[PDB]
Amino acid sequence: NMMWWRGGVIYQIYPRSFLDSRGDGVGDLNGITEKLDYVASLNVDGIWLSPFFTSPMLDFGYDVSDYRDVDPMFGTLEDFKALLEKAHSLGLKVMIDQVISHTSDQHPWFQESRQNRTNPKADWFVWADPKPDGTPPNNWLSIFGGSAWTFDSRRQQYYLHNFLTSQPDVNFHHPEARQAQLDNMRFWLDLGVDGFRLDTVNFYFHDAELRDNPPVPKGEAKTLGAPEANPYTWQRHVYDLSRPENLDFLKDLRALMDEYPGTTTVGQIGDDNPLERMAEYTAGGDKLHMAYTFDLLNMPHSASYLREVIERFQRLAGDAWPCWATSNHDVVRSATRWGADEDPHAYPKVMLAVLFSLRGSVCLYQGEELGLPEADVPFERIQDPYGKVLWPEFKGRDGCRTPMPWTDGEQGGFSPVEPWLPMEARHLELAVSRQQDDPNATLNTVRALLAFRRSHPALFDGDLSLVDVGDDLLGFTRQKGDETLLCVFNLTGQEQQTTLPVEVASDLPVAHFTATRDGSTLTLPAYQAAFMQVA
């Protein structure tokens, strides 16, 4: 089945916070290998591993110094091969992150590049002369704070970095660099991986003319890939990323992926118009297989908003394929980000039902199946550098990166010592051991939802058609050939009622969800979901 990815569910693993098996407080590959049975018990189709490659860990993995090796803190290449084999033996696909838009400054490429203007790798990165007054070439801002340019005295030149200063951006306008990254991907492809999560996929190319970005009109909706307090949201990003040439490169990338049947790619979109960019990137069947945005990774979460997102995406290319995610290593956990003012146990269930019922692929973040809320990390335990620039208006991403609670024992059974990030007390209450045999628990709801999803083709890659179910409900039909399912969701803490826009043949029960269908009237209690078979 070469089309497993088109509708499949992927479980994201953040290597540093999954399981420590070496007793150093940091998660490693062998721990993941140890918990692959649990992962498979989740009824997911595969996994996505955040960067485990050689890195100074300034951005904790996303600042790579060696693309073709495992950082000794996570383990070895052989350990990864073992992980891959065990995951394959359990029927799990293995996707790994690929951070090719920027390297660490400790990467040999940049170490050679920064020496002068004539060295073999001088144009592998984005270098530019200062303005006559000595200031950066343009008004481009780094997401992690300050200018996107940093002066280097060896070359008398600013280098570009959309993120950390220790994360210089790769110059994709230089062909040999692009090809170098392609080969770096071919390495892992030859190892036998099942796919790649493409980090900052729309960031690859920049405007070679280094043109200034226009400011954002005051009172307009800021970009969804950054907090409000970030000055990065003050300007419209048109020249610093999302260049036309990128499309071409995508094709190239796709071609590489096409050399290995069964493989797939999911790109991370960070753009002013994310749905349009995703649809543009995943259409044609000759570029990205799929991609995800920040549309479901932000604050709005009502049925009206979800309807708006779906409508906005359906406006675009019909041959595009979205991947939907409500949580990851960059945002506040959905149980808190979306359901802070909702029921702690009831809301995540129906939210996950919605996520699993959307047309497209799914990214399920580690712990989200347990309904884990965001952890409040104290200032002296902050690890993420992004949490030290906008404090206290923005405290970084460490809250969603606290270690996985396997038991309610010491350190959640994550480590025999104090972990790199502290263990959340609330997470101990929602630990796997406490949750493994609880029928009312979120974990079993996830298992049942995914099993139910697996048993219905319409819920894999069927068409989605919105129906009028009212303001405070989310209703649509999923249709694939023989099957047509009516899906209605109540995301509120109140009982909702509606008249069925279509006629129903039967009810489809799943995971203790309860709704009453009397005549033409469907009634859903708080945080309940209703699946039905359309006549």
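From 1 onward, residues are counted along the sequence shown.
Averaged over Cα atoms, the B-factor as recorded in the entry is higher for 215-223 than for the other of 293-301 and 215-223.
Averaged over CA atoms, B-factors in the entry run higher in 69-77 than in the other of 69-77 and 156-164.
When the C-alpha B-factors of 359, 197, 401, 426 are ranked from the entry, the top spot goes to 426. Across 97, 410, 330, 286, the greatest Cα temperature factor reported in the deposited entry is at 410. Residue 17 sits in the middle third of its chain by CA B factor, as recorded in the PDB entry. Compared with the other modelled residues of the chain, the Cα B-factor recorded for residue 381 ranks in the highest third. Residue-level temperature factors show residue 182 in the middle third of its chain, judged at the C-alpha atom.
Residue 28: CA B factor in the middle third of modelled residues in this chain (values from the PDB entry). Ranked against the other modelled residues of its chain, the C-alpha B-factor of residue 441 as given in the entry falls in the highest third.
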